[PDB]
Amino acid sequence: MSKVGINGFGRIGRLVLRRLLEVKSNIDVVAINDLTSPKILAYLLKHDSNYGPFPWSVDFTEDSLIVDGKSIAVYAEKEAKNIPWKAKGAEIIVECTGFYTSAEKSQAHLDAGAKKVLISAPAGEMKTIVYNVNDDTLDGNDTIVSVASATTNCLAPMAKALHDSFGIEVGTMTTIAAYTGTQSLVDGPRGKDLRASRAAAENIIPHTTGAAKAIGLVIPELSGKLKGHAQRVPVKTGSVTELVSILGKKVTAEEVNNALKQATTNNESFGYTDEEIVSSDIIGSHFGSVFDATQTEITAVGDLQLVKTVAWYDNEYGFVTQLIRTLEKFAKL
């Protein structure tokens, strides 16, 4: 299988390699570009605060990591057009920096000699894939594709199942989510977002997300029908997404749960639980989303009905399992 380069060896970038080795993928990771020395990247890869020790050996040289006995080139080019992707033949770039989230920006990797780029974040109006929701839309002509956010990978499977079974007329989502590197440790400036400047592990922090707003890139029939936001909270990873919908049909909780159970069957992207789990129980999940039947709520007065559905997600590893599913298919095309 294809050779891969990772741009941005951060939380997502590191976990991309972790998961590729875990599934014994035929993808060959040949190069990493970041901003730092191999010594520091080796340290971060070996020791992880959320997932514990790297399951394979890790060393470094002047200009590479040696991971499980295999060499991976390390570059330190702030501008992607300068990355020497041709030197080890990286053909598909997993773009994980947060700084090339558009077609025009990620073109820099094609200019630097890669064939294709898979962006680990929403990236505007480009093909945007949630594996096992719309990955059938990928074809052999696609060169730059997005996997949207972790929140999108949580929300889309639930929304798709509800829409297929009952119709969603309108809905709003809140995700109660783990804090991430976009936030701040101590109160201090963090770009232009005032809320992002506040100490993440000491606060409930409202936070804008486009997961609902841009859901039409993944599920066309739902364009413009959803809105939402996030409340970021002090858990290191592991998150939960609530959706409150008006559906096309009156339902019971059992009926909603059964429909979802059915959608999750033989679906390695979308899991089901009727156990009273909590966020730490999703840490390390191999699903993009886990529907939780225990939290389903129907509120009805006369002809009016509100349906609340909830799914968990490991915004780090869980999401990464989706990104890797997508990467495997994209590399085959």
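Just count from 1 along the sequence shown to find any residue number.
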Q. Mean CA B-factor: is it higher for 72-80 or for 194-202?
A. 72-80
Q) Is the mean CA B factor in the deposited entry higher across 24-32 or across 262-270? A) 262-270
Q: Pick out which of 232, 229, 236, 127 has the highest C-alpha B-factor in the PDB entry.
A: 127
(Q) Among the choices 186, 156, 168, 119, identify the one whose CA B-factor in the record is greatest. (A) 168
Q.
Based on the deposited C-alpha B factors for this chain, I'd like to know if residue 247 is in the lowest, middle or highest third.
A. highest
Q | Relative C-alpha B-factor of residue 61, binned into the chain's lowest, middle or highest third | A | highest
Q | Assigned third (lowest, middle, highest) for the C-alpha B factor of residue 50 | A | lowest
Q: Using the B-factors in the PDB entry, rank residue 304's C-alpha atom against the chain and give the third, lowest, middle or highest.
A: highest
Q. Based on the entry's values, in what third of the chain does the Cα temperature factor of residue 107 lie: lowest, middle or highest?
A. highest
